[PDB]
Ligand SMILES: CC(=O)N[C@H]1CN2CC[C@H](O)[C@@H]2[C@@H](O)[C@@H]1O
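Shown here is one chain on its own, the form solved without 6-acetamido-6-deoxy-castanospermine, set out as structure tokens.
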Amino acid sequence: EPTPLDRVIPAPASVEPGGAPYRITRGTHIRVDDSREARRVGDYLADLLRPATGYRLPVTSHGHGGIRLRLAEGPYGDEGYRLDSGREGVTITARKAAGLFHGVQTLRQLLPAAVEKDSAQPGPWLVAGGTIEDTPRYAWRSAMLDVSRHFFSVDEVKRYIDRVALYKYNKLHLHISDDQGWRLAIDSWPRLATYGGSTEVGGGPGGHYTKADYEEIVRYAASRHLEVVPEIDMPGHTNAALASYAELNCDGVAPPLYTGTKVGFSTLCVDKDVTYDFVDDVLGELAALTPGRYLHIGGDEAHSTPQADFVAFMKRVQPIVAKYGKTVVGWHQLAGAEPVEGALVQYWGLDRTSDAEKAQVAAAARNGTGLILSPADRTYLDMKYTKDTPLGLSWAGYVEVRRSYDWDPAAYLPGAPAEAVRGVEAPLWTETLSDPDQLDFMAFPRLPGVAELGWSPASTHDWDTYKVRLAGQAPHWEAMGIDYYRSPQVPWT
């Protein structure tokens, strides 16, 4: 029996099951349009299927049937697709390559779990019959990775990119500086990466990306249809920079490198002009490496920080983003600091966040500031599932699988108009996480849920049926080598 057509995450916008399934066989081919955009997705698909099927699966621009990837006019937008499956073949149609790529991600979930293995497996290889028509609810569907607290290599970042690409995320937010590390070479301030990147939480060896390493991350991300959104957090969470350049400190003394896990103690010197020269330089070199539309300038503070100083810092820094041709993104503290036109704010509050803090973000939303939702008690993937989780944190409460999923972005933040909501983000902080398996353990199984909230229509939202689709992913995760938390709330087979 093929996996039912609707058993995919994100839930597709429209699923119409019917007819006989397609059978992938030794004669199956991949037919693409005659072009580069085209062959690239076809070659990606072949690379996914050839190992486990053992079939040749040539990519061509001729031949009836097989798996057809077609670019055509239709109601697909920039990211959407239609997927038709029947005895004669499977056709994925889209307007753009991203749409074809998203359709491929659906197709792999429709196939048996064994398709993800790296050597030949027995068939059969059925794709349920019918039609999926699918376009995203929100344009902002992002995953963050903190490479500051613990450092992850280029290859490890590539591996994470491959995890989030499964679920049709379209942005990768890279938290590339914090108190415990600075992870990008800045030629004008070379000690940042070399000294400020020398360690990490726990005092081990750190690391940093050369400019070439960063561009490679960006290129790989783009090949998986992820726009990279880099963050340089400021004015707070700057100890690594402050430790590298004595002159950045209000007292002229470089603090020691920090290898603990406390937050809120560090700040750039808001009243020294060298601070703005530093910010201008860093964001300039970062913008030149960033083909995407956004720079995330953070917006964490120190406990010390007077609101007046935070406001002045942000009034001066935001224009620098536009100077280099990019759009501002900031954590929701920015909502109290006059966000410039077109800035986005990322809301990380929790239920126990004060009514007044909630209303100030809502007020900004009513004034045209777009909102990215990533509540710390909903989509922070570093939050423990329960009191017994060995890694992660619990400052925002425990966050089991249902809580993470069961909400509606459009009816979430009191006071905020639904049309301000741009999408959602699932941040993975790494105070407690030092290896890729640990990232997987805390990312799965919640990561697909947040993807669903970004992509799927509200009409498909339902925990009791979602949890059955999520349990259906586990055999795939097992074949792919993805560690995960076997939540007792999910009905694993």
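The term rigid core refers to the most C-alpha atoms you can superpose between the two forms while keeping them within 1.5 Å. Note that residue numbering follows the sequence shown and begins at 1. Residues that one form lacks are left out of the comparison.
Although it is not shown, the form solved in complex with 6-acetamido-6-deoxy-castanospermine is what the next lines describe.
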Note: 6-acetamido-6-deoxy-castanospermine not shown here; in the deposited complex, the stretch from 389-397, 278-286, 194-202, 408-416 having heavy atoms within 4.5 Å of it is 389-397
Given that the partner is absent here, does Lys384 sit within 4.5 Å of 6-acetamido-6-deoxy-castanospermine in the deposited complex, heavy atoms only?
no
Would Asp134 count as touching 6-acetamido-6-deoxy-castanospermine in the deposited complex under a 4.5 Å heavy atom rule?
no
Using 4.5 Å between non-hydrogen atoms, is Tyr380 touching 6-acetamido-6-deoxy-castanospermine in the deposited complex?
yes
Is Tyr258 part of the interface with 6-acetamido-6-deoxy-castanospermine in the deposited complex - any heavy atom within 4.5 Å?
no
In the deposited complex, does each residue in the set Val263, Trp331 and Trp429 place a non-hydrogen atom within 4.5 angstroms of 6-acetamido-6-deoxy-castanospermine?
yes
From the list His102, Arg183, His237, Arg141, which entry has a heavy atom within 4.5 Å of 6-acetamido-6-deoxy-castanospermine in the deposited complex?
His237
Contact residue in the deposited complex, from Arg149, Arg82, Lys326, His208 (heavy atom within 4.5 Å of 6-acetamido-6-deoxy-castanospermine):
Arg149
For residues common to both forms, which consecutive runs of 3 or more show C-alpha displacement of 2 Å or more between this form and the one not shown upon rigid core superposition, listed in sequence order?
301-304
